[PDB]
Protein chains: 6
Amino acid sequence: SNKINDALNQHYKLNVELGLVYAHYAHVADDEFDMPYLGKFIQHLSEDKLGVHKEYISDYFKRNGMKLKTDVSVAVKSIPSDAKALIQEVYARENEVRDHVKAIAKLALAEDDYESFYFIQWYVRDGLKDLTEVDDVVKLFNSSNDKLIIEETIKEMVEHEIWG
Amino acid sequence: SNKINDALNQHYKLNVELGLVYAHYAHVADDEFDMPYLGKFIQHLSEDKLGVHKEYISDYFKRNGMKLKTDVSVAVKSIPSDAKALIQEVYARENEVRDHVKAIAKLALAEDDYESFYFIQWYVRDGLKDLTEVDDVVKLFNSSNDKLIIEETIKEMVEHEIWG
Amino acid sequence: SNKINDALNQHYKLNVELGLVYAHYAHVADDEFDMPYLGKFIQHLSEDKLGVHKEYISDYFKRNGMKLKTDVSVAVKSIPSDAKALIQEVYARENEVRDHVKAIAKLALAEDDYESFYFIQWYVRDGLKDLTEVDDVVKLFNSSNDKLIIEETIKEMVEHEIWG
Amino acid sequence: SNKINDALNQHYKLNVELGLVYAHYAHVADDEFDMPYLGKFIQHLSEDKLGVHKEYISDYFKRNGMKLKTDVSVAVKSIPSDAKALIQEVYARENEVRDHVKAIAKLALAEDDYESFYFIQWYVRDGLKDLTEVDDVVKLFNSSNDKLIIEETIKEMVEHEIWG
Amino acid sequence: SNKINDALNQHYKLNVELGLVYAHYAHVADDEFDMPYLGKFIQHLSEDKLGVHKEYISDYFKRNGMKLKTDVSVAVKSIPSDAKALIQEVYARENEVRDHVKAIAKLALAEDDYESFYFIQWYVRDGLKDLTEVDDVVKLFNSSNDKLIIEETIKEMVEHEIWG
Amino acid sequence: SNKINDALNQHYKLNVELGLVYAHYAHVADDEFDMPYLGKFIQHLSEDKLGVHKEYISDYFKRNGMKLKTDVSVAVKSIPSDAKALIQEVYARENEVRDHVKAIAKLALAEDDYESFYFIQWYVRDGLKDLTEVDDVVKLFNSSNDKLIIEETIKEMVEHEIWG
Ligand SMILES: [Fe+3]
Ligand SMILES: [Fe+3]
Ligand SMILES: [Fe+3]
Ligand SMILES: [Fe+3]
Ligand SMILES: [Fe+3]
Ligand SMILES: [Fe+3]
């Protein structure tokens, strides 16, 4: 089936682009907003987005017999004003990748291709896991106004059976 | 100094592009040329190119006070015919990054910016180290004709005080 | 060469004077500004400035055959108003010692005296390391207004491969 | 009481000056008189003179409520002829610091300031301890004429309940 | 570049010749001057001169792509009169190899060949290290006149972070 | 006896020359014939030829009362075409040193100098041991034609009561 091929290629592309964008956001949050631990958090997100999230697609392509296509285009020319807008933008990106994964899963189940469904279950779980991990931090900036308190909270954060 | 800034930005861009290209080459060498261990070798190269090689530039920029710029554009539309041409192309890329690093070091020393010189010494070493690691394998395909012998050699390979 | 001798003697003198000044600043920050941990931080700076930073110059003089000269004159008759101005003054002193080291390195390389260059590389690294360590704390007083939060941050602070 | 303040400030100044002078003497004894172990001995003396001997005064000032004053002036323009005159000069400096401490203790007891007396007991002990440690070595150069025998003796030296 | 090739070939030749000469001097100091430990010292020097000091040049030639040339010519027909002249001659040889290394480093930096500079830094350090190790012993024969005292000193000698 | 002196001096000279020649052959076999393990083998041979094989003669000369003479002259201006001719030349050198040792032993026994006979027994054993070790490898190139198989054999080789 070529529809699953196209959808998984789109997901590969999206994952690479998000990895690079998150890396840049982590750097700019460390260098300008004077919050190194928000930088470490977004850097861990970027590493997970550039590692297993695309290595698994490459491996599945090796295993079932599809063709891979590399095509990336990223140019970060705009950044938000403070840490709150930055973390809300990261949250929106996660909320979008959730819907993309849902669309791929529906397409796979409508093709009678149950190996691809069993494959995409991992993503329909990890999407919610990571969105929750990011929402836990976007909730912080609604709770206090001293930067160092939020810093220590995120520090102790970085220091389940269904989802986790 | 802005010249060092421009040169290091160019190096950042080059490193990201090479990382992606090497990842694709590793996959296509595993999937088509029936050599998984050449795939593992090129994958380790891609990981080193996408990790520390750009994280160190990001950290140095954080530390001295320069501005980072993300701009990538990669589209792999051509691949070689057999493993020998693939490994020779990888070798050529390494031979090019060597010259790029040499130019950066000359520019840094001609600016009276000795912190950047002390910083780029690491790269003028790692360039030769990695070029040697790749030449060791491009020498293999001039020595035998059975694929599995080369496979076992690379397997035992993956299994100094100045350079290393 | 006598020019390198004069430059290294000037550096010896500067290091001794900075050691004493930092010791006094640590005491006055402990006794008046009610911040003992800022005192401990500046005391560790003073110890590093009065120890190895001049012992290494004495050793190099013993080793290559130059003459040492002791001449100190310090009189701290003015102190800043609050901890922020104190830490900014410490930062300025670090930013000055950086330029002094850069000048010595240029002079050494222009003399064809490569042993002195290999010797001063240690200083062109440690300058950036220590300036970063002090900037990390001068960033704190732009982030909060409760003294004890900054205290706990510095406490957990006191509790790399290129630079560090 | 301000008299104790003045006396302890004088002792602080004297200790810093002696520290620097002893450091220079250690270097010149290592570099010219071809005796590295006499250098190590005088260096340990200089470290003890520049460390606890003034840190304790700084701490006591923090604790009782007096003001500290930093004012140093050292210029070593003359050095003795051989190791014997050097060690005799060090001995004379110790014999002088003994009398200075005795004067401070008398002044403290004549003021009805018994905390300062309890504080200065440590110094009236350490003075005799260190003078004895130096006399043990100035006795050596009255016993032999081979430099290396004295060297081995001092080496094994560097390798009580009332005083010690 | 062929100039660096010629210079490194000259250094290879010089190192082999010095190795052989030092071996002969060690033997003759053991057999005639009745000092076995001076023999052991000079033998360790000869081993370091014949081992890594030329193996590293061979390895660098393998690594960058230059050609090696073996041409040796040694004939020890004259020896000094006592141990003092012997150790002073060894010292002079070290003082000469220092200048040879300095010339090679200048030539490398004037060619814009920074890999050779990074390579020769090791030698510009080891030269000073070894010259200091030999001067420590040539200082002994200015301190005493009993042979066995010097023997025990050298015995305990044979029994840093920048240089060492 | 001076005849034994002359013969042992000749053996000393021969051993030094063979050491240097073998070192060069090891390098050229690593750099040109693309066989690093043959290089390691010949390097171990060169180390044994330059170490104990001449240190024992130096020690025996110290012990019985003869005079040592250093005179070397080597110029490697010709090398064979492939690894087989190289290893056959090494074998011929071993076959020659065997006969030289036999001649020395006959001369010693014909002089009624039984200490020299007891001394040379070690060499009349080690000659056969080393010739066998080299013949084991010159037999390999008569058994296969893939370079990497021979490589793995020599690798596992490098990884008795009369002779050994
Ligand atoms: Fe994830
Ligand atoms: Fe690398
Ligand atoms: Fe420091
Ligand atoms: Fe003391
Ligand atoms: Fe050495
Ligand atoms: Fe042998």
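Counting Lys and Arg as +1 and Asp and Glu as -1, each charge on the Cβ, what is the dipole of the protein assembly as shown about the Cα centre in debye, to the nearest 20?
Here the protein assembly as shown has a charge dipole of around 2020 debye.
Can you pull the one-decimal nm distance between simple spin-label points at A:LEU109 and E:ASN2, each 7 Å off the Cα toward Cβ?
7.5 nm
Kindly give the distances from A:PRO80 to its copy-mates, label point to label point, with each label point 7 Å from Cα along Cα→Cβ, as nm values to one decimal ordered shortest first.
A:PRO80 label point versus its equivalents elsewhere: 3.3, 4.6, 7.3, 7.3, 7.6 nm.
Which stretch or stretches of the range E:26-52 have amide N atoms under 20 Å from the point lying 7 Å from E:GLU96's Cα along the Cα→Cβ direction?
Answer for this model: E:26-29, E:42-51.
What does the structure give for C:65-72 when I average, per residue, the other chain Cβ atoms found within 10 Å of the residue Cβ?
5
Using a label point 7 Å beyond Cα on the Cα-Cβ vector, give me the inter-copy distances for B:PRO36 in nanometres, one decimal, shortest first.
2.5, 4.2, 5.8, 6.1, 6.1
State, to one decimal in nm², a quarter of the convex hull surface area for the C-alpha atoms of the range C:96-164, i.e. the direction-averaged projected area.
Dividing the Cα hull surface by four gives the mean projection, 6.0 nm².
Which FRET efficiency value, to the nearest 0.05, do you get for D:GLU159 and A:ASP34 by plugging their Cβ-Cβ distance into 1/(1 + (r/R0)^6) with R0 = 56 Å?
Between D:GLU159 and A:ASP34 the formula returns 0.65.
Residue by residue, what Karplus-based ³J(HN,Hα) values in Hz, rounded to whole numbers, does the range B:116-124 have, using 6.51, -1.76 and 1.60 with θ = phi - 60° and x for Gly and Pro?
Rounded to whole hertz, the list is 5, 5, 4, 6, 7, 4, 4, 6, 5.
Tally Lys and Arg at +1 and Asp and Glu at -1 over the other residues with C-beta under 13 Å from the C-beta of C:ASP146: what net charge comes out?
Summing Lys and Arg as +1 and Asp and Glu as -1 gives -3.
For the range A:56-107, with only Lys/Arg (+1) and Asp/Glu (-1) charged at the beta-carbon, what is the dipole magnitude about the Cα centre, in debye rounded to 20?
320 debye
Over the range C:34-75, consider all pairs of different Cα atoms and compute the Kirkwood hydrodynamic radius from their mean reciprocal separation; express it in Å, one decimal.
Its Kirkwood hydrodynamic radius stands at 12.5 Å.
Give me the distance in nm between label points sitting 7 Å out from Cα along the Cα-to-Cβ direction at B:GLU151 and E:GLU152, one decimal.
Result for the modelled spin labels: 7.0 nm.
From the Cα trace of the range C:76-129, what convex hull volume per residue do you get, rounded to a whole Å³?
Dividing the Cα hull volume of the range C:76-129 by its residue count gives 83 Å³.
Once amide H atoms are placed 1.01 Å from N in the peptide plane, what residues at a sequence separation of 5 or more from B:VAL72, or on another chain, have their amide H within under 5 Å of its amide H?
So B:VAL72 has HN proximity to A:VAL74.
Based on Cα coordinates alone, diagonalise the gyration tensor for the protein assembly as shown, multiply each eigenvalue by 5, take square roots, and list the semi-axes in whole Å, largest first.
So the equivalent ellipsoid measures 54, 54, 22 Å along its semi-axes.
Mind checking which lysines have their Cα closer than 20 Å to the Cα of D:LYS77? Skip sequence neighbours fewer than 8 apart in that chain.
The reachable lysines, counting only those whose Cα sits under 20 Å from D:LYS77, are C:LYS13, C:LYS54, C:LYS62, C:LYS67, C:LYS69, D:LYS13.
Sort largest first and round to whole Å: the equivalent ellipsoid semi-axes of chain D, each the square root of five times a Cα gyration tensor eigenvalue.
32, 17, 13
Efficiency by 1/(1 + (r/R0)^6): what FRET value for C:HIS44 and A:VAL76, r their Cβ-Cβ distance, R0 = 41 Å, to the nearest 0.05?
Efficiency computed from Cβ-Cβ geometry: 0.55.
Based on DSSP H runs of at least 4 residues, each adding -39500 (n - 2.57), what is the mean residue ellipticity at 222 nm of chain D after dividing by all its residues, to the nearest 500 deg cm²/dmol?
Mean residue ellipticity at 222 nm (helix-derived): -26000 deg cm²/dmol.
Report, in debye and to the nearest 20, how large the dipole of chain B comes out about its Cα centre when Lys and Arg carry +1 and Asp and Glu carry -1 on their Cβ.
Roughly 700 debye, rounded to the nearest 20.
Calculate log10 I(q)/I(0) of the range C:22-107 for q = 0.18, 0.21 Å⁻¹, where I(q) comes from the Debye formula with a single equal point scatterer on each Cα and nothing for solvent.
-0.93, -1.11
Using a 7 Å offset from Cα along the direction of the beta-carbon, what are the separations from F:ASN2 to the same position in each other copy, nm, ascending?
5.0, 6.0, 8.5, 9.8, 9.8
Considering the rotational relationship between chains A and E, which residue of chain A contributes the beta-carbon of minimal distance to the axis, and what is that distance to the nearest Å?
A:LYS62, 26
Across peptide B:109-120, how many C-beta atoms of other chains are within 10 Å of each residue C-beta, on average?
Per residue, the number of nearby Cβ atoms from other chains is 4 on average.
Read-outs throughout are calculated quantities, based only on the coordinates presented, and are distinct from any laboratory measurement. Ideal geometry is used to build each Cβ from the backbone, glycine not excepted, and the neighbour counts take in all protein chains shown.
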